[PDB]
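This report concerns only the one structure given below.
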Amino acid sequence: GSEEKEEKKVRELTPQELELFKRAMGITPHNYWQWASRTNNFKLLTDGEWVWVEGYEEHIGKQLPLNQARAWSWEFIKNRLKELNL
(Lines give C-alpha, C1' and ligand atoms only; values in the text may rest on other atoms or scores of the structure.)
Protein backbone atom coordinates (compact mmCIF):
# COMPACT_ATOMS: atom_id res chain seq x y z
CA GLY A 1 0.00 0.00 0.00
CA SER A 2 1.33 3.35 -1.15
CA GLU A 3 -1.65 5.23 -2.53
CA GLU A 4 0.76 7.98 -3.55
CA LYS A 5 4.03 6.14 -4.17
CA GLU A 6 3.48 2.90 -6.07
CA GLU A 7 1.75 3.16 -9.45
CA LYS A 8 1.47 5.79 -12.17
CA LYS A 9 -0.53 3.49 -14.41
CA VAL A 10 -2.53 4.45 -17.49
CA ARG A 11 -5.76 3.26 -19.11
CA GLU A 12 -5.71 -0.38 -20.14
CA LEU A 13 -6.12 -2.07 -23.51
CA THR A 14 -9.28 -4.19 -23.65
CA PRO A 15 -11.00 -5.45 -26.82
CA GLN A 16 -14.04 -3.49 -25.64
CA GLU A 17 -12.41 -0.12 -24.99
CA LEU A 18 -10.05 -0.19 -27.97
CA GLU A 19 -12.96 -0.45 -30.41
CA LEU A 20 -13.81 3.20 -29.75
CA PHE A 21 -10.49 4.21 -31.29
CA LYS A 22 -10.93 2.48 -34.65
CA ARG A 23 -14.56 3.57 -34.47
CA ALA A 24 -13.61 7.25 -34.25
CA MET A 25 -11.03 6.93 -37.03
CA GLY A 26 -13.67 5.39 -39.28
CA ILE A 27 -11.32 2.54 -40.13
CA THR A 28 -12.59 0.33 -42.95
CA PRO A 29 -12.17 -3.41 -43.62
CA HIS A 30 -10.05 -2.33 -46.59
CA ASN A 31 -7.43 -0.54 -44.49
CA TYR A 32 -8.32 -2.42 -41.30
CA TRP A 33 -5.21 -4.61 -41.34
CA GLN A 34 -3.24 -1.55 -42.43
CA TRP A 35 -4.27 0.38 -39.32
CA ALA A 36 -4.00 -2.77 -37.21
CA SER A 37 -0.31 -2.75 -38.13
CA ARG A 38 0.47 0.89 -37.36
CA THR A 39 -1.55 0.71 -34.15
CA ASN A 40 0.12 -2.47 -32.91
CA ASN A 41 -3.12 -4.45 -32.71
CA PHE A 42 -4.99 -1.23 -31.91
CA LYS A 43 -3.03 -1.14 -28.66
CA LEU A 44 -2.81 2.51 -27.62
CA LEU A 45 -2.18 3.84 -24.11
CA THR A 46 -3.47 7.09 -22.61
CA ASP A 47 -4.91 8.79 -19.53
CA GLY A 48 -7.33 11.60 -20.30
CA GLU A 49 -4.70 12.96 -22.67
CA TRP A 50 -2.99 12.50 -26.03
CA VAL A 51 -2.99 8.85 -27.09
CA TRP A 52 0.01 6.80 -28.20
CA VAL A 53 0.60 3.29 -29.53
CA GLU A 54 2.19 0.83 -27.10
CA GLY A 55 5.84 0.38 -28.00
CA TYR A 56 5.98 3.60 -30.00
CA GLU A 57 6.16 5.93 -27.01
CA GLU A 58 9.85 5.79 -27.92
CA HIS A 59 8.87 7.26 -31.29
CA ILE A 60 7.10 10.30 -29.85
CA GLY A 61 8.22 13.85 -30.57
CA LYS A 62 9.76 12.89 -33.90
CA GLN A 63 9.11 14.25 -37.39
CA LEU A 64 7.03 11.40 -38.80
CA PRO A 65 4.37 11.38 -41.56
CA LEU A 66 0.82 10.10 -41.07
CA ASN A 67 1.99 6.69 -42.27
CA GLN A 68 4.65 6.64 -39.55
CA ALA A 69 2.58 8.56 -37.00
CA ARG A 70 2.03 6.58 -33.80
CA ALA A 71 0.08 9.02 -31.63
CA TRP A 72 -3.10 11.09 -31.77
CA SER A 73 -4.96 13.50 -29.49
CA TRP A 74 -8.33 12.91 -27.84
CA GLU A 75 -9.27 16.07 -29.73
CA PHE A 76 -8.36 14.48 -33.06
CA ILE A 77 -10.15 11.28 -32.07
CA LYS A 78 -13.31 13.28 -31.32
CA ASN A 79 -12.66 15.36 -34.44
CA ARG A 80 -13.21 12.34 -36.68
CA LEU A 81 -15.79 10.85 -34.33
CA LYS A 82 -17.84 14.05 -34.45
CA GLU A 83 -17.67 13.81 -38.24
CA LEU A 84 -18.97 10.25 -37.95
CA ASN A 85 -21.88 11.49 -35.84
CA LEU A 86 -24.81 12.63 -37.99
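Every chain in the C-alpha coordinates has a letter given in the order shown (A, B, ...), and although residue numbers restart at 1 in each chain, ligands are simply numbered from 1 in the order shown.
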Enumerate the residues of chain A with a DSSP assignment of strand (DSSP E or B), computed from the backbone, and present them as an MDAnalysis selection string.
-> chainID A and resid 11 44:46 51:53 71:72
Find the spatial neighbours of region 60-76 of chain A, counting only C-alpha atoms, within a cut-off of 7 Å - ignore same-chain residues fewer than 6 positions away - and output them as a PyMOL selection string.
-> chain A and resi 38-39+49-53
Counting only C-alpha atoms, figure out which residue out of A:1, A:57, A:83, A:9 gets nearest to residue 43 (chain A).
-> A:57
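The two atoms in question, CA of residue 79 (chain A) and CA of residue 42 (chain A), are spaced 18.5 Å apart.
One distance worth recording is that between CA of residue 37 (chain A) and CA of residue 8 (chain A), which is 27.4 Å.
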Which of chain A counts as helix (DSSP H, G or I) under DSSP, as a JSON list (two decimals) with N, CA and C atoms, in the first residue's frame please?
[["chain", "number", "residue", "atom", "x", "y", "z"],
["A", 19, "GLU", "N", -12.09, -0.55, -29.24],
["A", 19, "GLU", "CA", -12.96, -0.45, -30.41],
["A", 19, "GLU", "C", -13.35, 1.00, -30.69],
["A", 20, "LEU", "N", -13.42, 1.80, -29.63],
["A", 20, "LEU", "CA", -13.81, 3.20, -29.75],
["A", 20, "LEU", "C", -12.80, 3.97, -30.59],
["A", 21, "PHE", "N", -11.55, 3.55, -30.54],
["A", 21, "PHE", "CA", -10.49, 4.21, -31.29],
["A", 21, "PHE", "C", -10.69, 4.04, -32.80],
["A", 22, "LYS", "N", -10.73, 2.78, -33.24],
["A", 22, "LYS", "CA", -10.93, 2.48, -34.65],
["A", 22, "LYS", "C", -12.30, 2.94, -35.12],
["A", 23, "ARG", "N", -13.25, 3.01, -34.19],
["A", 23, "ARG", "CA", -14.56, 3.57, -34.47],
["A", 23, "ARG", "C", -14.45, 5.05, -34.85],
["A", 24, "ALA", "N", -13.72, 5.81, -34.05],
["A", 24, "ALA", "CA", -13.61, 7.25, -34.25],
["A", 24, "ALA", "C", -12.83, 7.57, -35.52],
["A", 25, "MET", "N", -11.86, 6.72, -35.85],
["A", 25, "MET", "CA", -11.03, 6.93, -37.03],
["A", 25, "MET", "C", -11.79, 6.56, -38.30],
["A", 32, "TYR", "N", -8.24, -1.94, -42.68],
["A", 32, "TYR", "CA", -8.32, -2.42, -41.30],
["A", 32, "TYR", "C", -6.99, -3.02, -40.86],
["A", 33, "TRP", "N", -6.49, -3.98, -41.63],
["A", 33, "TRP", "CA", -5.21, -4.61, -41.34],
["A", 33, "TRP", "C", -4.07, -3.60, -41.42],
["A", 34, "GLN", "N", -4.24, -2.59, -42.27],
["A", 34, "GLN", "CA", -3.24, -1.55, -42.43],
["A", 34, "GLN", "C", -3.11, -0.72, -41.15],
["A", 35, "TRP", "N", -4.25, -0.34, -40.59],
["A", 35, "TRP", "CA", -4.27, 0.38, -39.32],
["A", 35, "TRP", "C", -3.87, -0.54, -38.17],
["A", 36, "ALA", "N", -4.32, -1.79, -38.24],
["A", 36, "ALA", "CA", -4.00, -2.77, -37.21],
["A", 36, "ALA", "C", -2.49, -2.94, -37.07],
["A", 37, "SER", "N", -1.76, -2.68, -38.15],
["A", 37, "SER", "CA", -0.31, -2.75, -38.13],
["A", 37, "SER", "C", 0.28, -1.53, -37.42],
["A", 38, "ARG", "N", -0.09, -0.35, -37.89],
["A", 38, "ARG", "CA", 0.47, 0.89, -37.36],
["A", 38, "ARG", "C", 0.11, 1.08, -35.89],
["A", 57, "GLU", "N", 5.90, 4.81, -27.90],
["A", 57, "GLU", "CA", 6.16, 5.93, -27.01],
["A", 57, "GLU", "C", 7.64, 6.33, -27.07],
["A", 58, "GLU", "N", 8.46, 5.46, -27.63],
["A", 58, "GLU", "CA", 9.85, 5.79, -27.92],
["A", 58, "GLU", "C", 9.96, 6.58, -29.22],
["A", 59, "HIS", "N", 8.89, 6.58, -30.00],
["A", 59, "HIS", "CA", 8.87, 7.26, -31.29],
["A", 59, "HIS", "C", 8.02, 8.51, -31.23],
["A", 74, "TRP", "N", -6.91, 13.09, -28.10],
["A", 74, "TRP", "CA", -8.33, 12.91, -27.84],
["A", 74, "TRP", "C", -9.16, 13.89, -28.67],
["A", 75, "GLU", "N", -8.59, 15.06, -28.95],
["A", 75, "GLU", "CA", -9.27, 16.07, -29.73],
["A", 75, "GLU", "C", -9.39, 15.65, -31.19],
["A", 76, "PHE", "N", -8.34, 15.03, -31.71],
["A", 76, "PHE", "CA", -8.36, 14.48, -33.06],
["A", 76, "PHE", "C", -9.30, 13.28, -33.15],
["A", 77, "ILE", "N", -9.26, 12.43, -32.13],
["A", 77, "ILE", "CA", -10.15, 11.28, -32.07],
["A", 77, "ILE", "C", -11.61, 11.72, -32.12],
["A", 78, "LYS", "N", -11.96, 12.72, -31.32],
["A", 78, "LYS", "CA", -13.31, 13.28, -31.32],
["A", 78, "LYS", "C", -13.58, 14.02, -32.62],
["A", 79, "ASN", "N", -12.53, 14.62, -33.19],
["A", 79, "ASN", "CA", -12.66, 15.36, -34.44],
["A", 79, "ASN", "C", -13.26, 14.49, -35.53],
["A", 80, "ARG", "N", -12.70, 13.30, -35.71],
["A", 80, "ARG", "CA", -13.21, 12.34, -36.68],
["A", 80, "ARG", "C", -14.52, 11.72, -36.21],
["A", 81, "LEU", "N", -14.60, 11.47, -34.91],
["A", 81, "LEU", "CA", -15.79, 10.85, -34.33],
["A", 81, "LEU", "C", -17.00, 11.77, -34.47],
["A", 82, "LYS", "N", -16.78, 13.06, -34.27],
["A", 82, "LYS", "CA", -17.84, 14.05, -34.45],
["A", 82, "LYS", "C", -18.29, 14.13, -35.90],
["A", 83, "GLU", "N", -17.35, 13.88, -36.82],
["A", 83, "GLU", "CA", -17.67, 13.81, -38.24],
["A", 83, "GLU", "C", -18.47, 12.55, -38.55],
["A", 84, "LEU", "N", -18.23, 11.50, -37.78],
["A", 84, "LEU", "CA", -18.97, 10.25, -37.95],
["A", 84, "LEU", "C", -20.39, 10.38, -37.41]]
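CA of residue 13 (chain A) is positioned 7.1 Å from CA of residue 45 (chain A).
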